Amino acid sequence: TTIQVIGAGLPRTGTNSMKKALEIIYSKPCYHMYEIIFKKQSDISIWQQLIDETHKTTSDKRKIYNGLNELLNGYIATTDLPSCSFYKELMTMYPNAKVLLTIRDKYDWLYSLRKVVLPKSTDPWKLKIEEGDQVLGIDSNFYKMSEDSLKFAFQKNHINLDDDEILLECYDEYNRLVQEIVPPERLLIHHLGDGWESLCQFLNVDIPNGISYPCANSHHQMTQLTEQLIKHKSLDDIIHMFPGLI
Ligand SMILES: Nc1ncnc2c1ncn2[C@@H]1O[C@H](COP(=O)(O)O)[C@@H](OP(=O)(O)O)[C@H]1O
Numbered sequence: 174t175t176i177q178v179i180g181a182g183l184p185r186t187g188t189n190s191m192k193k194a195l196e197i198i199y200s201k202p203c204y205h206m207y208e209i210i211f212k213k214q215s216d217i218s219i220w221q222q223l224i225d226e227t228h229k230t231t232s233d234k235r236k237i238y239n240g241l242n243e244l245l246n247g248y249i250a251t252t253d254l255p256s257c258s259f260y261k262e263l264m265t266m267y268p269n270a271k272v273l274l275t276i277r278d279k280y281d282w283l284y285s286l287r288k289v290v291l292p293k294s295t296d297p298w299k300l301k302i303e304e305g306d307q308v309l310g311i312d313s314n315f316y317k318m319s320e321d322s323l324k325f326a327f328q329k330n331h332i333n334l335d336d337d338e339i340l341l342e343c344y345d346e347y348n349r350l351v352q353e354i355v356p357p358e359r360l361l362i363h364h365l366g367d368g369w370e371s372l373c374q375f376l377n378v379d380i381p382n383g384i385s386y387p388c389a390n391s392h393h394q395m396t397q398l399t400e401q402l403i404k405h406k407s408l409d410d411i412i413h414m415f416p417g418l419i
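Numbering (this note's numbering), first residue to last: 174 to 419.
So, in structure tokens, the structure goes:
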């Protein structure tokens, strides 16, 4: 098996639902940040090294391609950070893979981002996210990798991540650049709520019969997950409250 679909959409654009939709279509695994968190935390340092490699005056592109290939072995698709930030590299490695750009209203996106992936540095809720994630074994190394992958997607070394106005403009620019770089016939822009129809047409498959398009990972559910991790201190003890997520 090899990469068939490259998900270029940013975090909080429906990437977990797209991951699930691609797993339904292909009956093979799709990579996502949740693969790292819930199945393979040893991947954190590997991603960090690949991102660090991009910051060298002379980066080793073959080291990056080889590292991506090893990370994605056994997967049919990629979505979410950190992989989305490498969509150009993945297009080169997998010239026959199609590209998906999941997208949504930028104000809704920013709101969701601040609730889940990138709270402002002095937002009290950041401390709660961190306390809940500690239950999962997630610590500062994960947050560094996540933030560095977002900065790499936005092509900025120094950026004030606490400035909403900057993030909104980075979002629009990132999505504009995907549409500029990817040949139209190789790209599907999938707006939140678009469902199976356009996706299945683009991938040359029928709409899965009787299977609805996935709809999980809302910020409401993430807030509940953080709170229940804090309260019970065990993922196993609470996972029955969160079907269809991990
Ligand atoms: N089928 C669907 N229809 C509408 N929104 C969806 C959806 N699947 C996921 N989403 C939204 O996509 C966001 C999650 O994205 P990701 O999986 O990339 O982190 C959440 O936004 P909200 O946080 O605004 O609820 C979630 O509600």
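Ideal Cβ placement from N, Cα and C applies to all residues, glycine included.
Give me the Cβ distance between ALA181 and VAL290, rounded to the nearest whole Å; I'm assuming they're in contact under 8 angstroms. About 16 angstroms separates the two Cβ atoms, so there is no contact after all.
For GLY305, the three-state DSSP class (helix, strand or coil): In the structure shown, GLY305 falls within a helical segment according to DSSP collapsed to helix, strand and coil.
Going by DSSP, which residues form a beta bridge with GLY180? DSSP, once it has assigned bridges, lists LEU273 as partnering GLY180.
Indicate the three-state DSSP secondary structure (helix, strand or coil) for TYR199 in the structure shown. Helix, per DSSP.
Below 8 angstroms, how does it come out for the stretch 247-259 and the stretch 199-206: are there three or more Cβ pairs, yes or no? Output reads yes: the stretch 199-206 touches the stretch 247-259.
Using a threshold of 7 angstroms, is the CB atom of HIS228 nearer than that to any non-hydrogen atom of ligand 1? It does not: the Cβ of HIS228 is nowhere closer than 7 angstroms to a heavy atom of ligand 1.
Can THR396 be considered in contact with ligand 1, in the sense that its beta carbon sits closer than 7 angstroms to one or more heavy atoms? No, since every heavy atom of ligand 1 falls outside the 7 angstroms radius drawn around the Cβ of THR396.
Under the DSSP definition of a beta bridge, which residues are partnered with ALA326? By DSSP's assignment, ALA326 forms no beta bridge with any residue.
Which of the three DSSP states, helix, strand or coil, is assigned to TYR347? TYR347: helix per DSSP, three-state reduction.
Taking the alpha-carbon of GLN401 as reference, which of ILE339, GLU353, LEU341 and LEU309 has the nearest alpha-carbon? Looking at the Cα atoms, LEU309 is the closest of the given residues.
Where DSSP assigns a beta bridge to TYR204, which residues make up the other side? Paired residue(s): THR251.
Run through the DSSP bridge pairs and tell me what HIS364 is partnered with. Looking at the DSSP assignment, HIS364 forms a beta bridge with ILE276.
Please report the distance separating the alpha-carbon of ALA389 from that of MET191. Approximately 10 angstroms, taken between the alpha carbons.
Please report the Cβ distance between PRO416 and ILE197, rounded to the nearest whole angstrom; I am assuming they are in contact, meaning their Cβ atoms lie under 8 angstroms. Contact flag wrong, Cβ pair sits at about 16 angstroms.
Note down the Cα distance separating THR399 from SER407, rounded to an integer number of angstroms. The alpha-carbon atoms of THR399 and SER407 are separated by roughly 11 angstroms.
Whole-angstrom Cβ separation of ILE276 and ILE362, contact assumed at under 8 angstroms? So it is a contact: roughly 6 angstroms between Cβ atoms.
Is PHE415 helix, strand or coil by DSSP? Here DSSP, grouped into helix, strand and coil, assigns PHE415 to coil.
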